[PDB]
Number of protein chains: 2
Amino acid sequence: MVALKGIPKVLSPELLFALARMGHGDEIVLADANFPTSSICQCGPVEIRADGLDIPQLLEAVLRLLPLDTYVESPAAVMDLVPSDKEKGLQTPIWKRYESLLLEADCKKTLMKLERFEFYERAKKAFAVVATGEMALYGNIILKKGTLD
Amino acid sequence: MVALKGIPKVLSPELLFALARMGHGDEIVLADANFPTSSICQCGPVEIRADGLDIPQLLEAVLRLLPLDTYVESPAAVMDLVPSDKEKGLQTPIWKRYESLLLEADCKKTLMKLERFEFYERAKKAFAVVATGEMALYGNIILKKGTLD
Ligand SMILES: C[C@@H]1O[C@@H](O)[C@@H](O)[C@H](O)[C@@H]1O
Ligand SMILES: C[C@@H]1O[C@@H](O)[C@@H](O)[C@H](O)[C@@H]1O
């Protein structure tokens, strides 16, 4: 991790580098432990490792530096449950934490829910994919960078 | 240029990456236009280009993020005038700007002035050298990263 004034300690230099290189409209994926990171990163995005971190910690740190797009219906998206899981009535409480962290970063929008394969399509066009140690089911979240001022 | 909350826009992603990778005690050189950056970098330090910027502007931006070493007599050093120049009574006003920027970053120490070849020896062991477009004579400055606790 990095040691610079005003920069969250949990950010690695490679992640900071990725955030700095991203432009307006670019997206970054914070992937859970079960995400097919290896295959997705074969299609374009840079792979960044964050093995010992959970997503809530990382998300909070990223939002301290990353301005979110305010012109899209929602600058943050998660993967919606697959049919089997919806039928089973699966609960995904981690999403409540995401909504809370976004609010604290001044983002009043609600998370967008994308169908599995539609989520995978977006991930392939992402600038980078951060492989975390998040074990929560459906913990993946995609963020879209906006402009400053 | 970088577009991230709280980060000076004049820093390039490569420079930010270097600053994040440096550890306690590591040094970085902000070199003027007449510094032998190419030869010095052949000896170890990474070369980062910032040709369109002068040092005062870059120094201020760097000081906003980089903590300076405290257990050393002085964490900043410039190159002292060679016998020839000190014989012409050559002035070096930019140093006053450096002292001022350092003070504003809460560094009360005075600049350490190193003999030309001593300076080169230090530069060769530096983590990186930033080639700027600074035209001021003897504008080179070395900064030693401290700890953030
Ligand atoms: C069915 C989904 O498959 C991948 O997208 C995982 O990352 C999710 O957490 C979930 O298990
Ligand atoms: C004598 C010195 O030579 C190089 O180190 C230049 O970068 C300095 O500015 C000075 O001219």
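Take chain B and mark each of the trypsin sites (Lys or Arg not before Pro) that is in a DSSP loop with at most 16 other Cβ atoms within 10 Å; the longest unmarked stretch, sites excluded, is B:10-87.
Note: relative contact order over chain A, using C-alpha pairs below 8 Å and six or more positions apart, is 47 percent. Taking the Cα centre of chain B as origin and assigning +1 to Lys and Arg Cβ atoms and -1 to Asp and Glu Cβ atoms, the resulting dipole is close to 180 debye.
Under a point-charge model restricted to the Cβ atoms of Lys and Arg (+1) and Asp and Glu (-1), what is the dipole moment magnitude of the protein assembly as shown relative to its Cα centre, in debye to the nearest 20?
On the way: 36 positive and 42 negative charges, 28 e Å.
Rounded to the nearest 20 debye, it is 140 debye.
In chain B, the sites counted are GluC sites (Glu not before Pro) in DSSP loop states with at most 16 other Cβ atoms within 10 Å, and the longest stretch holding none of them, exclusive of the sites, is B:1-72.
Across peptide B:12-21, the mean count of Cβ atoms from other chains lying within 10 Å of each residue's own Cβ comes to 6. Dividing the radius of gyration of the alpha carbons in the stretch B:3-140 by their Kirkwood radius gives 0.94 for Rg/Rh.
Ranking B:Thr37, A:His24, A:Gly44 by Cα position along the charge dipole of the protein assembly as shown, where only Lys, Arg, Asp and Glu carry charges on their C-beta atoms, puts A:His24 farthest toward the positive end.
Read-outs: derived from the displayed coordinates by stated rules, not from any lab. Here the Cβ is made from the backbone with ideal geometry for all residues, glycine too, and neighbour counts use every protein chain on show.
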